[PDB]
Student: 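Can you read through this structure? Questions will come right after.
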Amino acid sequence: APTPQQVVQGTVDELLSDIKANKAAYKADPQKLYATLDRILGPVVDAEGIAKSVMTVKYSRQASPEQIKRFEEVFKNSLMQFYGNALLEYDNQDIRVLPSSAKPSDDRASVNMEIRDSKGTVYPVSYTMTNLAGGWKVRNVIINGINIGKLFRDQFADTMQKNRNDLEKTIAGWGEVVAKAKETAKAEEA
Ligand SMILES: CCCCCCCCCCCCCCCC(=O)OC[C@H](COP(=O)(O)OC[C@@H](O)CO)OC(=O)CCCCCCC[C@@H]1C[C@@H]1CCCCCC
Ligand SMILES: CCCCCCCCCCCCCCCC(=O)OC[C@H](COP(=O)(O)OC[C@H](O)CO)OC(=O)CCCCCCC[C@@H]1C[C@@H]1CCCCCC
């Protein structure tokens, strides 16, 4: 069986080489890029675990499985809509998966990497992995010190309090949280 390090390295190599070979077709049709993303990342992403992680048990247990699913989709689709093109504009950059001692039989692990971009500007990116029945999957992403999972966890709680714990209202507006997540991170970084 593979280790979380290999699952990361393999996914990075597969996705980057796939984008490089088809960079022209994706720039012309983003729906093709979105499909390839779902095909490559889908198997290695714990979408339901991430959704529940952002909602917290306090709110997920007030939601139906059909509702949690609809929250996954708004999350996925909005992430691709506002941050999918980023994988095309700068796929010329370098990535380095840093060492790790995690074994395949482990139940949890964190895999760190570095992204050298624009003349060598390095930001760390970390992936919190969890070993499930379907193998190792991403459960959280930390970027340059910003716990993205906790960021959305806080935004979800703030929006739920404003909507008087209306899940439907929160889901119908979650696209706007994702769209602003980048500046939300920049402000929290300065
Ligand atoms: C169940 C279904 C699963 C499917 C889910 C779909 C998920 C969608 C994926 C969305 C990807 C997010 C990219 C970050 C966007 C960003 O942040 O916006 C530009 C950035 C800002 O930075 P910067 O401050 O320079 O520019 C800002 C100026 O506006 C200031 O003026 O820059 C860049 O382009 C850097 C891009 C480099 C990223 C490439 C790294 C490797 C790729 C991601 C894969 C690896 C995944 C492996 C998974 C493990 C199993
Ligand atoms: C439900 C489905 C989930 C699917 C999960 C799939 C995993 C995909 C993993 C994608 C990793 C991409 C990392 C590149 C970002 C970057 O290289 O950008 C740095 C800059 C900060 O550094 P700067 O301050 O610019 O440094 C400059 C000097 O300071 C000058 O002085 O931009 C930023 O802020 C980055 C932060 C933007 C926030 C958007 C988050 C979207 C992203 C897709 C993930 C989230 C997945 C869900 C998480 C829930 C647990």
Side-chain angles (χ1 to χ4, degrees), residues 4-5 7-9 11-13 15-16 19 26-27 30 33-34 37 40-41 44-60 71-100 102 108-130 136-163 169-190:
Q5 313 90 271
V7 178
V8 171
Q9 190 70 77
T11 307
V12 178
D13 295 334
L15 179 62
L16 295 172
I19 292 168
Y26 296 153
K27 285 204 74 176
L33 176 60
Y34 303 156
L37 291 170
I40 296 176
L41 300 174
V44 292
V45 167
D46 185 11
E48 181 168 353
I50 293 170
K52 293 189 184 179
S53 180
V54 174
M55 295 177 70
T56 321
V57 183
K58 171 178 186 184
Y59 296 135
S60 73
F71 179 59
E72 294 181 26
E73 299 305 334
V74 179
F75 211 157
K76 296 175 188 183
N77 297 326
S78 57
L79 280 169
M80 300 185 299
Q81 185 66 230
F82 300 106
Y83 304 105
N85 295 336
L87 296 170
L88 305 174
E89 289 201 316
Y90 284 141
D91 85 292
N92 306 328
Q93 316 307 343
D94 176 71
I95 298 176
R96 297 174 56 179
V97 176
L98 273 46
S100 137
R108 201 120 162 175
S110 302
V111 192
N112 308 280
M113 73 180 192
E114 297 178 332
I115 300 178
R116 303 172 58 183
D117 174 67
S118 62
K119 291 195 172 193
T121 313
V122 188
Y123 316 102
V125 180
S126 185
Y127 299 80
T128 308
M129 296 308 192
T130 174
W136 293 93
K137 308 215 194 186
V138 177
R139 190 184 172 284
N140 186 22
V141 179
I142 302 171
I143 306 171
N144 193 15
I146 300 175
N147 185 324
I148 310 302
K150 291 180 180 178
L151 184 151
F152 288 120
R153 184 173 65 126
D154 299 335
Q155 298 295 74
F156 185 85
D158 292 3
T159 55
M160 278 288 279
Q161 191 74 33
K162 183 66 180 65
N163 299 344
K169 190 89 174 189
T170 304
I171 295 170
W174 189 246
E176 181 63 8
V177 179
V178 180
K180 291 191 297 188
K182 187 207 203 189
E183 291 181 359
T184 297
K186 297 294 183 59
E188 195 175 17
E189 221 170 4

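The residues of the chain are indexed from 1 along the displayed sequence. Because only heavy atoms are used, hydrogens play no part in the values below, and waters and symmetry mates are left out as well, while side chains stay in.
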Student: If you count the non-hydrogen atoms of other residues, nucleotides and ligands that lie under 6.0 Å from CD in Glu183, is the total more than 12?
Tutor: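 Not more than 12 within 6.0 Å, no.
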Student: Report yes or no: does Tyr127 contribute a side-chain atom to a donor-acceptor pair with the main-chain N or O of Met113 at less than 3.5 Å?
Tutor: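 Looks like no, no N/O pair under 3.5 Å.
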Student: In Å, rounded to the nearest 0.5 Å, how long is the span from CG of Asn77 to CZ of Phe82?
Tutor: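 Those atoms lie 10.5 Å apart.
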Student: Checking side-chain contact (heavy atoms from CB on, under 4.5 Å) between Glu114 and each of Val122, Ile95, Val97, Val125, which is the one that passes?
Tutor: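 The passing option is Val122.
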Student: Has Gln5 got a side-chain atom pairing as donor or acceptor with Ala102's backbone, closer than 3.5 angstrom?
Tutor: yes
Student: If you measure from CZ on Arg139 to CD1 on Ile50, what distance do you get to the nearest 0.5 Å?
Tutor: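 Output value for this atom pair is 8.5 Å.
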Student: How about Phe156 and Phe71: are their ring centroids closer than 6.0 Å?
Tutor: yes
Student: If I take atom NZ from residue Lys27 and atom CD1 from residue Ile19, how far apart are they, to the nearest 0.5 angstrom?
Tutor: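 One finds 13.0 Å between NZ of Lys27 and CD1 of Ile19.
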Student: May I ask you to decide if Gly84's main-chain N or O and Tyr34's side chain share a donor-acceptor pair within less than 3.5 Å?
Tutor: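 No: the side chain of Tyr34 does not pair with the backbone of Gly84.
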Student: About how many Å separate CE of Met55 and CH2 of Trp174, when rounded to the nearest 0.5 Å?
Tutor: 10.0 Å
Student: Any non-hydrogen side-chain atom of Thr11 less than 4.5 Å from a side-chain atom of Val138?
Tutor: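 The answer is no; the side chains never approach within 4.5 Å.
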Student: Return the CG to OG1 distance between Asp46 and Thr128, rounded to the nearest 0.5 Å.
Tutor: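 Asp46 CG to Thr128 OG1: 11.5 Å, rounded to 0.5 Å.
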Student: Please report the interatomic distance OG(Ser110) to CG(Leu98), rounded to the nearest 0.5 Å.
Tutor: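 Here the rounded value is 12.5 Å.
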Student: In the structure I gave you, are the side-chain heavy atoms of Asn144 and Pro124 within less than 4.5 Å of one another anywhere?
Tutor: yes
Student: Answer yes or no: is there a side-chain heavy-atom contact under 4.5 Å between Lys76 and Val45?
Tutor: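 Sidechains of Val45 and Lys76: no contact.
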